[PDB]
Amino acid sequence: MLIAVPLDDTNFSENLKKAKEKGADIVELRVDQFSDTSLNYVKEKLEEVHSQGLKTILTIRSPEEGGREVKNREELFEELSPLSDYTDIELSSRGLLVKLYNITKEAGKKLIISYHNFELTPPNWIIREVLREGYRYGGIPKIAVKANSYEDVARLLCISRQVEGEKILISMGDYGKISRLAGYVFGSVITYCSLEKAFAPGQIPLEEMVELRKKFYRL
């Protein structure tokens, strides 16, 4: 179970330092929350992370999926994808999928193809569809959806097994908090943590997840 921590560009160096010392394996750069999205500014953030021994996830969340408009997102994806371990691209950004797959593949890097739903856990055929499409476009499918009950959590985790393979599963909200820890036995390879004492609904602080990972998962 790789632990990732999302970070914007405020206090980067200190936050990155805390992330590394507390046991984070990855830093997800939420470029959509950056105060500067220029090519070299983002590139520099990528290198800093790598210099600390951690991996990166390049994310530029579109407005539709909870992010905000980034005028040069296409440039950033195409030019910095080869410099990031993982690049998270929304399944709905169909025009970039093939392009980004070719670029990352040639660079020996990985694509995370995501789907977000902040309102509910979609019906089973949607869960399977998102997984299938993510796989067909050559990436690691990612499903992050709001759980409105514990059953939604159980449903997401179990239905996802019907589309065998490496994936990333997140049931958002207080009900889905357990998914951030248990998702691993169902095939979820990466989990996300808040840097410090996490305080959006359903989140688990990095330090807590690190302790939990050694407690529950055997080496």
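One rule holds for the numbers: they count along the sequence shown, beginning at 1.
Query - Of 67 to 75 and 108 to 116, the stretch whose C-alpha atoms average the higher B-factor in the entry - result: Between 67 to 75 and 108 to 116, it is 67 to 75.
Report task. Please work out which of 52 to 60 and 189 to 197 has the higher mean CA B-factor as recorded in the PDB entry. Result -> Averaging CA B-factors over each stretch, the winner is 189 to 197.
Report task. Ordered by C-alpha B-factor within the chain, which third holds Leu96? Give me lowest, middle or highest, please. Result -> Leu96: CA B-factor falls in the highest third of its chain.
Report task. Rank-wise, by C-alpha B-factor, drop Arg128 into the lowest, middle or highest third of its chain. Result -> Lowest third of the chain for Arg128's C-alpha B-factor.
Query raised in the report: Mind checking which third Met1 falls in for C-alpha B-factor across the chain?
Result: As the PDB entry reports it, the C-alpha B-factor of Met1 lands in the highest third of its chain.
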